[PDB]
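What follows draws every value from the coordinates through simple rules; no lab data is involved. Because the Cβ atoms are built from the backbone with ideal geometry, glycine has one as well, and the counts that use them run over all protein chains shown.
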Amino acid sequence: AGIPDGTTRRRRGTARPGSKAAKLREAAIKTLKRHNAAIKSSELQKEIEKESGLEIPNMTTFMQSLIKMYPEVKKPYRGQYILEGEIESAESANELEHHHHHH
């Protein structure tokens, strides 16, 4: 493919795995997995930016992209988020629950 004259040809100085967006999204998913209760937009940003070591580029665009990638991320309130959906693996159980048992 073609490439402009107004852009660099030594692209491997920045074109690498583990990008800003990947590390920032990983910090958001770790934050949303860690809390069992809901979290505010400000609280979620503060813990994301501390965990990733990176700034959020735009909260509206980023939180929409996070929800689009991970539909288990929900919005219980205006500027308040939670994780609810089958992203986690199913738990183990004993055969006594599958067998007939008392109340």
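Using a Förster distance of 22 angstrom, determine the FRET efficiency expected from the C-beta separation of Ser89 and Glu51, and round it to 0.05.
Numbers: r = 23 Å, r/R0 = 1.03.
Step by step, r from the Cβ atoms, then E = 0.45.
Check the straight Cα-Cα distances from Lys40 and name the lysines below 20 Å, setting aside those fewer than 8 residues away within the same chain.
Partners within reach: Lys30, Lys50, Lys68, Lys74, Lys75.
Would you list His35, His103 from fewest to most Cβ contacts within 10 Å? Before the final figure, lay out each step's value.
Numbers: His35 14, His103 2.
Ranking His35, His103 by Cβ neighbours within 10 Å, fewest first, gives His103, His35.
Counting only Cα atoms, I'd like the Rg/Rh figure for region 1-96, Kirkwood definition for Rh. Don't jump to the answer; show the numbers that get you there.
Values: Rg = 17.8 Å, Rh = 15.7 Å.
Here Rg/Rh amounts to 1.13.
How would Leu66, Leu96, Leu24 line up from fewest to most surrounding beta-carbon atoms within 10 angstrom? Mind dumping the intermediate values first?
Values: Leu66 19, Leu96 8, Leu24 22.
The order, fewest Cβ neighbours first, is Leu96, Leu66, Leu24.
With runs of 4+ DSSP H residues as the only contributors, calculate the mean residue ellipticity of the chain at 222 nm using -39,500 (n - 2.57) per run, divided by the residue total and rounded to the nearest 500. Write out the running numbers ahead of the final one.
Details: 4 runs with 42 residues, N = 103.
For the chain, the value works out to -12000 deg cm²/dmol.
Relative contact order of the chain, please, whole-number percent, based on alpha carbon pairs below 8 angstrom and at least 6 residues apart.
Details: 67 pairs, mean separation 24.3, N = 103.
Worked out over the chain, it gives 24 percent.
Go ahead and run the numbers for FRET between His101 and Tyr70, Cβ-Cβ distance against an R0 of 30 Å, rounding to 0.05.
Details: r = 37 Å, r/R0 = 1.23.
In this case the efficiency is close to 0.20.
Do any GluC sites (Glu not before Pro) in region 1-96 lie in a DSSP loop with no more than 13 other beta carbon atoms within 10 Å, and if so, which? Write down the numbers at each step before the final one.
Values: sites: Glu26, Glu43, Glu47, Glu49, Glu51, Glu55, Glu72, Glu84, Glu86, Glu88, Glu91, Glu95; in loops: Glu55, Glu72, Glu84, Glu86, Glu88, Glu91.
Within region 1-96, the qualifying GluC sites (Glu not before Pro) (loop, at most 13 other Cβ atoms within 10 Å) are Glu55, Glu84, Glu86, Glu88, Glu91.
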